[PDB]
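K.L.:
Please find one structure pasted underneath; my questions will follow.
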Amino acid sequence: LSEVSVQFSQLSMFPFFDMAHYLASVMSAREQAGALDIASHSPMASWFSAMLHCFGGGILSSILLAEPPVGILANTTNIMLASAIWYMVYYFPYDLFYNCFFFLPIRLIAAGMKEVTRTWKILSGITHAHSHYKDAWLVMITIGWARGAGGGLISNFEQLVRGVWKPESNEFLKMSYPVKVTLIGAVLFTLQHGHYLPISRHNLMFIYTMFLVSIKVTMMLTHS
Amino acid sequence: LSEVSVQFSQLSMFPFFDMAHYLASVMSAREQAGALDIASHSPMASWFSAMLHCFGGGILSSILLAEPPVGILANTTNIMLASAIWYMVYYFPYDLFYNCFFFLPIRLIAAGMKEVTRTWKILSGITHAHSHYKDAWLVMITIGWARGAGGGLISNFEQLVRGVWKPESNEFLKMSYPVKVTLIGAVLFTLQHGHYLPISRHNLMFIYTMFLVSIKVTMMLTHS
Amino acid sequence: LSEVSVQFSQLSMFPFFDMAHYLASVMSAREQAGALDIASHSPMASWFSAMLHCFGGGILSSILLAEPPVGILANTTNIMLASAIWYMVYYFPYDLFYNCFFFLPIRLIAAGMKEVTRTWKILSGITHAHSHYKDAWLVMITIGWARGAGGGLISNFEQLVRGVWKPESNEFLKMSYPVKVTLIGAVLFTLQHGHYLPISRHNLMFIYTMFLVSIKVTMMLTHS
């Protein structure tokens with residue numbers, strides 16, 4: 001039944017899903033070590049650290065392609081759309097926001113939707129790298145991977161933003177789960193655009209997104 | 001009497017004022033902790049650290065706009081115009097140069113003129129960001145702010161140049177005086193170009209520059 | 001006998017010499033402190049650290065010229081041509097590869113050929129900077145120098161890649177031999193393109209390359 005994947009390929013991420021990626025990235029940034037004191041004593045650094053979690057893919061993909069990073073800041077609808085989620089995650093009255101989204105089902109849904117945004121980020125970087133370089137495979141892998149897990153690769157300098165400098169925890173030394181999954185996805189969809197992978201783009205899209213959401217849901221259910 | 005602000009708006013900064021910004025930035029860089037030993041044992045690193053103080057605004061504004069930083073190095077008149085001030089600040093015979101410019105009135109004048117260069121740097125970044133992005137407010141704030149206090153934002157990596165690595169003293173954690181003032185100015189003049197601020201550009205220019213020079217003069221008089 | 005330098009100027013570096021630069025840079029990267037454990041426990045970080053040794057000149061010259069660094073990754077023939085040398089330097093059976101190229105004559109030849117690649121990298125950066133900026137001397141010096149010893153200038157962040165963070169060993173504080181030699185060469189050939197240096201390009205090319213190869217050969221013979 002390939003008629004369902006065609007329906008899945010018509011999804012738009014502007015209203016609902018972008019807020020889900022921003023919310024999962026901002027909450028996951030808050031749950032990190034010493035992130036509450038940053039927002040309590042330096043809202044600027046915590047806000048910028050949140051933006052590195054939300055728009056790290058576009059930032060790294062722009063720096064790697066010699067594209068202006070401030071171009072990501074031009075979309076005031078997305079920047080404000082993430083900054084509101086930041087201010088509600090940290091400075092909501094009685095912390096009613098976080099306590100609402102820390103609930104297990106809501107957290108599962110939000111995270112699972114961020115996993116969906118990751119896909120269109122990977123393909124966006126692959127097709128964009130194709131717009132800059134025709135049949136260059138490594139470029140498409142690098143930019144699609146850069147949009148898939150951008151915040152995870154700038155995680156060292158992002159740590160440097162909040163104030164923690166860990167020169168030992170490099171992403172290449174020990175590849176984390178989301179970064180390595182974004183590598184596998186970038187390679188796969190790069191083989192898809194190059195037609196080296198015998199499957200249509202929509203079906204590979206759907207099966208990859210499902211294989212990601214199922215894994216993260218299993219991780220969050222087995223962690224609690 | 002708005003006829004005086006029109007006369008103030010016709011100022012040119014190529015001869016006198018650029019040397020004032022370079023001199024205040026180089027002297028303020030020398031007065032930092034452990035900067036004399038750098039120039040005494042490694043003139044290259046002290047020179048580059050001085051260039052990060054002088055041309056940090058153009059460097060950061062160029063990196064943020066995907067513009068070549070080496071483009072700032074093309075203007076050999078400005079680069080030499082600052083390098084001469086560096087070599088005279090550090091390696092002048094009997095230190096007759098620094099001891100002359102460390103005098104309170106001369107230091108007040110030079111610093112106060114650097115405060116004037118900061119304004120045209122902010123507006124240069126705002127109008128330049130307008131040339132790259134029409135009515136994008138955050139871009140104009142970011143580039144005007146990037147030219148206002150560029151050396152203050154690269155101050156971490158600039159510290160890394162001389163040899164001191166302080167991951168705890170981030171500019172976003174504790175915003176210093178010049179950086180936060182450049183933020184306020186970038187926001188104000190950005191509202192001016194967008195015509196959200198009910199005042200002409202020249203008058204806002206003059207009152208902002210005066211409000212800056214008066215504050216720094218008061219700081220230098222109350223510090224000694 | 002200027003007829004021999006004309007024959008030397010017709011050299012092509014695509015097959016033999018590029019592999020020599022990649023091999024000397026990868027081997028010299030392995031001989032660094034704690035580089036074997038990186039390749040034994042994290043092949044990704046050791047591979048990227050090797051690419052920073054091989055393509056550091058193009059990377060830094062691309063970042064300084066606002067050119068996409070991923071553009072260096074487009075040439076899959078060169079990237080694979082270096083990655084094969086990396087995998088053979090580290091993971092060859094019985095370490096038969098390294099033990100073969102660590103032999104004194106073979107090491108002398110490979111290093112001496114890397115010294116030859118350095119020249120065409122310097123001139124490539126100088127003529128490229130001329131394509132971006134006509135008669136800007138400092139730009140040509142900066143880009144030619146950036147291609148001459150690129151890995152030596154990113155050596156701090158390259159150290160940060162493997163996991164060692166040394167904020168005290170800056171290249172400007174103590175200029176190493178290859179970096180300072182690349183500075184002298186960039187200045188000389190920049191004076192050549194500007195015709196301030198009374199010598200033809202080919203003769204200066206040959207005498208500079210010889211003056212480099214002789215020095216490195218003398219160093220490797222006096223070190224063992």
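The way I read the labels, and the way they are meant: chains A, B, ... in the order of the structure tokens, residue 1 as the first residue of every chain, and ligand 1 as the first ligand shown, with later ones counted on from there.
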With a distance threshold of 12 Å and counting only C-alpha atoms, extract the residues of chain B near chain C and express them as a PyMOL selection string.
P.N.:
chain B and resi 37-49+59+62-77+79-80+156-167
K.L.:
Based on DSSP run over this structure's backbone, return all residues of segment 73-224 of chain A in alpha helix (DSSP H), as a PyMOL selection string.
P.N.:
chain A and resi 73-74+76-91+96-101+104-132+137-148+150-153+155-162+177-193+201-223
K.L.:
What's around residue 196 of chain A at 12 Å? Count only C-alpha atoms, leave out sequence neighbours fewer than 5 positions away in its own chain, and write the answer as a ChimeraX atom specification.
P.N.:
/A:135,137,187-191,201
K.L.:
Applying 12 Å and only C-alpha atoms, which residues near residue 210 of chain B remain after dropping the ones on its own chain fewer than 3 positions away? List them as a PyMOL selection string.
P.N.:
chain B and resi 5+8+112-113+115-116+118-119+203-207+213-218
K.L.:
Take the residues just selected and output them with N, CA, C and O atoms as a compact mmCIF listing (two decimals), in the first residue's frame.
P.N.:
```txt
# COMPACT_ATOMS: atom_id res chain seq x y z
N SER B 5 23.14 69.50 14.41
CA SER B 5 23.23 68.07 14.16
C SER B 5 23.50 67.78 12.69
O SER B 5 24.19 66.80 12.36
N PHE B 8 27.06 68.07 12.37
CA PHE B 8 27.74 66.93 12.96
C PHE B 8 27.67 65.70 12.06
O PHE B 8 28.59 64.88 12.06
N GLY B 112 37.01 59.09 23.74
CA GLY B 112 35.78 59.74 23.31
C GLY B 112 35.59 59.75 21.81
O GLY B 112 34.46 59.74 21.32
N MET B 113 36.69 59.76 21.05
CA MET B 113 36.59 59.69 19.60
C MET B 113 36.34 58.26 19.12
O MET B 113 35.62 58.06 18.13
N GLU B 115 34.48 56.29 20.75
CA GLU B 115 33.04 56.25 20.94
C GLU B 115 32.30 56.83 19.74
O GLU B 115 31.17 56.42 19.44
N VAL B 116 32.91 57.78 19.03
CA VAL B 116 32.29 58.34 17.84
C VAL B 116 32.40 57.37 16.67
O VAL B 116 31.46 57.23 15.88
N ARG B 118 32.39 54.19 16.90
CA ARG B 118 31.44 53.12 17.17
C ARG B 118 30.08 53.38 16.52
O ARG B 118 29.43 52.46 16.02
N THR B 119 29.65 54.65 16.50
CA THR B 119 28.35 54.99 15.94
C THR B 119 28.29 54.67 14.45
O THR B 119 27.41 53.93 13.99
N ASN B 203 19.62 63.43 14.35
CA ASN B 203 19.44 63.81 15.74
C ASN B 203 19.66 62.62 16.67
O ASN B 203 20.35 62.74 17.69
N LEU B 204 19.09 61.46 16.33
CA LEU B 204 19.33 60.26 17.12
C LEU B 204 20.81 59.90 17.14
O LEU B 204 21.35 59.50 18.17
N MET B 205 21.48 60.04 15.99
CA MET B 205 22.92 59.87 15.91
C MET B 205 23.64 60.73 16.94
O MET B 205 24.42 60.23 17.76
N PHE B 206 23.36 62.03 16.92
CA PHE B 206 24.07 62.97 17.78
C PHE B 206 23.79 62.69 19.26
O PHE B 206 24.72 62.66 20.08
N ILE B 207 22.52 62.49 19.61
CA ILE B 207 22.19 62.30 21.02
C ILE B 207 22.73 60.97 21.53
O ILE B 207 23.13 60.86 22.70
N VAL B 213 29.72 59.23 24.80
CA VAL B 213 30.96 59.92 25.15
C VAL B 213 30.89 60.45 26.58
O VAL B 213 31.87 60.36 27.33
N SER B 214 29.75 61.01 26.97
CA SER B 214 29.61 61.52 28.33
C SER B 214 29.79 60.41 29.36
O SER B 214 30.44 60.61 30.39
N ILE B 215 29.24 59.23 29.08
CA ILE B 215 29.33 58.13 30.03
C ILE B 215 30.77 57.64 30.14
O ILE B 215 31.28 57.41 31.25
N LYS B 216 31.46 57.46 29.01
CA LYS B 216 32.84 56.97 29.10
C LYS B 216 33.75 58.01 29.74
O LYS B 216 34.65 57.65 30.51
N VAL B 217 33.54 59.29 29.45
CA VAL B 217 34.33 60.34 30.09
C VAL B 217 34.10 60.33 31.60
O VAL B 217 35.04 60.45 32.39
N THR B 218 32.84 60.17 32.01
CA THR B 218 32.54 60.09 33.44
C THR B 218 33.20 58.88 34.08
O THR B 218 33.70 58.95 35.21
```
K.L.:
Got a sec: who's within 8 Å of residue 144 of chain A, counting only C-alpha atoms, leaving out chain neighbours fewer than 4 positions off, as number ranges by chain?
P.N.:
A: 61, 121-126, 129, 140, 148, 186
K.L.:
Considering only C-alpha atoms, return as a ChimeraX atom specification whatever protein or nucleic-acid residues lie within 8 Å of residue 18 of chain A, sequence-local ones (same chain, fewer than 4 positions apart) excluded.
P.N.:
/A:13-14,22,78,114,117
K.L.:
Any chance you could export the current selection's N, CA and C atoms as a PDB file, in the first residue's frame?
P.N.:
```
ATOM      1  N   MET A  13       5.577  21.498   7.765  1.00  0.00           N
ATOM      2  CA  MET A  13       6.176  21.590   9.089  1.00  0.00           C
ATOM      3  C   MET A  13       6.173  23.002   9.659  1.00  0.00           C
ATOM      4  N   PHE A  14       5.625  23.980   8.937  1.00  0.00           N
ATOM      5  CA  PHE A  14       5.702  25.367   9.394  1.00  0.00           C
ATOM      6  C   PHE A  14       4.956  25.612  10.701  1.00  0.00           C
ATOM      7  N   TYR A  22      11.667  22.833  18.218  1.00  0.00           N
ATOM      8  CA  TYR A  22      12.146  23.876  19.119  1.00  0.00           C
ATOM      9  C   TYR A  22      11.883  23.507  20.573  1.00  0.00           C
ATOM     10  N   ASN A  78      10.143  32.151  12.612  1.00  0.00           N
ATOM     11  CA  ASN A  78      10.739  30.967  13.222  1.00  0.00           C
ATOM     12  C   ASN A  78      11.538  31.330  14.468  1.00  0.00           C
ATOM     13  N   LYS A 114       9.900  16.072  16.534  1.00  0.00           N
ATOM     14  CA  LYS A 114      11.244  16.549  16.215  1.00  0.00           C
ATOM     15  C   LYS A 114      11.974  15.549  15.328  1.00  0.00           C
ATOM     16  N   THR A 117      10.926  16.350  11.920  1.00  0.00           N
ATOM     17  CA  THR A 117      11.584  17.531  11.364  1.00  0.00           C
ATOM     18  C   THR A 117      13.000  17.206  10.900  1.00  0.00           C
TER      19      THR A 117
END
```
K.L.:
Identify, on the basis of only C-alpha atoms, every residue whose closest approach to residue 29 of chain C does not exceed 8 Å; exclude the query and any residue fewer than 5 positions from it along the same chain; express the result as a list in words.
P.N.:
residues 35, 49, 50 and 53 of chain C
K.L.:
Using Å and a single decimal, report how far atom CA of residue 179 of chain C sits from atom CA of residue 55 of chain B.
P.N.:
23.9 Å
K.L.:
What gap, in Å, lies between atom CA of residue 20 of chain C and atom CA of residue 146 of chain C?
P.N.:
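Value for the atom CA of residue 20 of chain C-atom CA of residue 146 of chain C distance: 19.2 Å.
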